[PDB]
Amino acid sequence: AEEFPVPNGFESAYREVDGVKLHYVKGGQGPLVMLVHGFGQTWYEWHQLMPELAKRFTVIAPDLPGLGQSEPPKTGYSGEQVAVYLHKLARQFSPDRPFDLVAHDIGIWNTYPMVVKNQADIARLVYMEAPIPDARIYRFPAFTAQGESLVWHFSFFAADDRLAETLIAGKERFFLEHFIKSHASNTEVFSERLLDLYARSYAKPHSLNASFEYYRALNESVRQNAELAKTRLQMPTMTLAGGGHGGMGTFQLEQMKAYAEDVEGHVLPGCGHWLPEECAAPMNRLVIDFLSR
């Protein structure tokens, strides 16, 4: 049983990594590109980009531990722990060459440590729409003159007593629609069918919990990254962010400038947080061209 439909020419498969059964969707030929999703979503956010990339690359899109059809991590949900699973998965398919990495939202949190610790393994890097966990996150405001802020959910999701699971259970589809649309410019791309699919996936009890455990580990991830960031990133890097409602704007590139020597950035007007779906055509073009250099 597949939670989401597989594109023609791709296969849905699993690999055991350190005792954890990881789900992924894979297709194409050539050097490896790994695409890593974020919160509220699964591998499927990449389903429009995948067949285009597959003309030039071997493409793998895993479900993050605990999410989609992947088993929860057996170590923990901090960025360093999760990055081990993703790094070892990629290396199963690209043992002798460096691979490319594209990540969105918490996919960034879950890959940054393996990028900085294994720089020779990473040919090119694309990061979109999330802060790397560092002290900058403590400056985002709780409330705005226009209403709810961008990241008040950091506290909601990190709270103890299973606050988020307890309040959201039974209302998973309702909450996810609110959350997605509050962070979107182009809400029309999120059809009832698409929202149904994403909601059913993250509503699995272990997935609903896994979702928030990433946030419960965020402060630990920040502390981890304070040490890791002493080593700058050397590989060619591109950042993308949305310039419309829900987007990170200039923050993405400005933060990345502190981490990478060789970085170019784009802000996409008329697009919010969910770039692969809200602004598929220009986002896909920018990623494809950057990786094809």
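In case it trips you up, residue 1 is the first one in the sequence shown, and so on.
Novice: Quick check: 100-108 versus 133-141, which has the larger average CA B-factor in the record?
Specialist: It is 133-141.
Novice: Mean CA temperature factor from the deposited coordinates, higher in 210-218 or in 193-201?
Specialist: Comparing averages over the C-alpha atoms only gives 193-201.
Novice: Can you pull the Cα B-factors for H245, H37, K55, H47 from the entry and say which is highest?
Specialist: Most elevated C-alpha B-factor of the set, per the entry: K55.
Novice: Name the one of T166, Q81, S155, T187 with the greatest CA B-factor according to the PDB entry.
Specialist: Largest recorded C-alpha B-factor: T187.
Novice: Mind checking which third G249 falls in for C-alpha B-factor across the chain?
Specialist: Its C-alpha B-factor, which the entry lists for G249, ranks in the middle third among residues of this chain.
Novice: Compare the C-alpha B factor of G9 with those of the other modelled residues in its chain, then answer lowest, middle or highest third.
Specialist: Ranked within chain, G9 CA B lands in the highest tercile.
Novice: What third of the chain does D161 rank in for C-alpha temperature factor, lowest, middle or highest?
Specialist: Within its chain, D161 is a lowest-third residue by C-alpha B-factor, going by the deposited values.
Novice: Quick check on the deposited entry: does the C-alpha B-factor of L176 sit in the lowest, middle or highest third of its chain?
Specialist: Ranked within chain, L176 CA B lands in the lowest tercile.
Novice: What third of the chain does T42 rank in for C-alpha temperature factor, lowest, middle or highest?
Specialist: Its C-alpha B-factor, which the entry lists for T42, ranks in the lowest third among residues of this chain.
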